[PDB]
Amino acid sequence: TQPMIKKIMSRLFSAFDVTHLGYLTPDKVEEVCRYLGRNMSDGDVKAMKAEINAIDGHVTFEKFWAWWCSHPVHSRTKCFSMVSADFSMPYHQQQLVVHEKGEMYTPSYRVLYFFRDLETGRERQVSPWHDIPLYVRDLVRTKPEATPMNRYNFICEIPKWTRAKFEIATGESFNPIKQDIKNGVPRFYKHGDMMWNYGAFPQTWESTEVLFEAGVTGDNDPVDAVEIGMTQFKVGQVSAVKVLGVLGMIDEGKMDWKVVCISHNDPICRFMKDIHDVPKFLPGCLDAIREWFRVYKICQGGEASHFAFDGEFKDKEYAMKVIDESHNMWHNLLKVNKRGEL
């Protein structure tokens, strides 16, 4: 009798009121009985059609539900096994829900994430880091099996044209987004605005236990992403992106890959197929990204950033390896060592 069962029965009802009259015609009443009764004889069935006929007026869904719930929970469940097979969903869709706890630009501000199970309606808090899938996987993959997958979830921490340095709080339960703290106050970029959507990939971690080719360990954070599309995102907004390449930034002695990606919703996504297409269609974009990350902390007392491969942006095949490997590291962190907070 739970809300999940009610939705199943609601879809069942629609198969007998396809045109949404709002009620069951007499013919439809006999038909839903012939259907529910399929794993019965007439003993429990005779009692069923007689019961529904004795309802007063139009058999609305609401009255049909009432009739259904009035039966004994055991006998219901026998025929319900058929109903459930035909009318339950393949999987329960989870709606990502975002809530703010004010006040923005002060240390108290948080962006919290929840799941709303669309079948049960139950809400639970989740971690944008651990619980948002890194890979966007269709239940039924219709794109041809030849073309390989390139659809990643990107969590936007810092929208295009802004400079409040929001971050997934790796140290707090459920890892809400917060504003980073620098010199005791909420941190704003001093160098200038972030000129692309900036954020991170969920279910990745720049491991402090891994010696990257560059001779350093990781910066202890989710893998960083720069989304170069034309649309400004909201803080905490999550959207599907295509990975194009990656910059081997070494930041304060830690590996700090910067993945270049573009929203699958951008008008030029189709035409950007690897890192080399970015100079062709967005000349100066890669140079500006490399330079911004090279110098941005200098005005803050830091030093110029170093880069592996002499600052070369590696291609997408390489970037997806980097992401895959940080997914493994994240598996080791959360699944194996049970660390949900740093």
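One rule holds for the numbers: they count along the sequence shown, beginning at 1.
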Revision key, fill the gap. Ranked by mean Cα B-factor in the entry, 71-79 and 197-205, top stretch is 71-79
Point to revise | Greater mean Cα temperature factor according to the PDB record, 20-28 or 316-324 | key: 20-28
Revision key, fill the gap. Entry record, C-alpha B-factors for 131, 119, 157, 256; the maximum is at 119
Check your understanding: Considering only modelled residues of the same chain, in which third does the CA B-factor of residue 85 rank: lowest, middle or highest?
Key -> highest
Practice item. Looking at the entry's B-factor column for C-alpha atoms only, identify whether residue 232 ranks in the lowest, middle or highest third of its chain. Key: lowest
Revision key, fill the gap. Tertile call for residue 190 (CA temperature factor, within chain, third-based) is the middle
Review point. By its CA B factor, does residue 169 count among the lowest, middle or highest third of the modelled residues in the chain?
Key: lowest
Study note, to complete from the structure: residue 215: CA B-factor among chain residues, third -> middle
